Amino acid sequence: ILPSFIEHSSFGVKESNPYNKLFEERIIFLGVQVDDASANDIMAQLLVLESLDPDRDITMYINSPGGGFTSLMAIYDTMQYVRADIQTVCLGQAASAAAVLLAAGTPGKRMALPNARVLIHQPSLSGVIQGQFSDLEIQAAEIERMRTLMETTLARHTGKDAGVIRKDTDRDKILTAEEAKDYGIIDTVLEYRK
């Protein structure tokens, strides 16, 4: 389904849909696994919103199980390159690479809803990649360089040292909203305005 709705004004009538309405309010939605296609969609949106008005903040709603590493660094870099500030908001969960995107919003403007959860863990490889020992040595180095790169951007945004991060993500670490606040990953826990 996903209904569309109609707004009106003396200038005319506008039909649109929830996501469009959100985008009109400078809200991006990252509610899927970060993959190549997704990363492109989000970058496209970041750059576009940055073009329309670079002095106004961009908000990213995050409800994601994470995604691929270079897709993560594609979005992370765009988020940092853009002029406009980025308010990050965790609705349901920000896990792995999602947790890094949550932490990477501009200081003071990173938040999460009270029952959200942040998972932090190190780069895994569910698949098997095969080759000569010479080819794998290269891969292992690249996987190690990726791992520590996650640790130092996480460190950069949580205020912690990469050594701590590296120790905490050795095994999965699940955080509640309040705990993610304590950890440095977000700044405030949203209170119900009802």
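Start at 1 with the first residue shown and count on from there.
Visitor: For the stretches 124-132 and 143-151, which has the higher mean C-alpha B-factor as given in the deposited record?
Guide: Comparing averages over the C-alpha atoms only gives 124-132.
Visitor: State which stretch shows the higher mean Cα B factor in the entry: 90-98 or 108-116.
Guide: Higher of the two, by average CA B-factor, is 90-98.
Visitor: Pick out which of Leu30, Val164, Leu46, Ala39 has the highest C-alpha B-factor in the PDB entry.
Guide: By C-alpha B-factor in the record, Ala39 ranks first.
Visitor: Ranked by Cα temperature factor within the chain, is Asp182 in the lowest third, the middle third or the highest third?
Guide: Middle third of the chain for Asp182's C-alpha B-factor.
Visitor: Split the chain's modelled residues into thirds by Cα B-factor; is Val34 in the lowest, middle or highest one?
Guide: Ranked within chain, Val34 CA B lands in the highest tercile.
Visitor: Lowest, middle or highest third: where is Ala103 by C-alpha B factor in its chain?
Guide: Lowest third, going by the recorded CA B-factors of the chain.
Visitor: Pull the Cα B-factor of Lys160 out of the PDB entry and bin it into the chain's lowest, middle or highest third.
Guide: It belongs to the middle third of the chain when residues are ordered by C-alpha B-factor.
Visitor: Considering every modelled residue of the chain and its Cα B-factor in the PDB entry, is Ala84 in the lowest, middle or highest third?
Guide: Ranked within chain, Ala84 CA B lands in the highest tercile.
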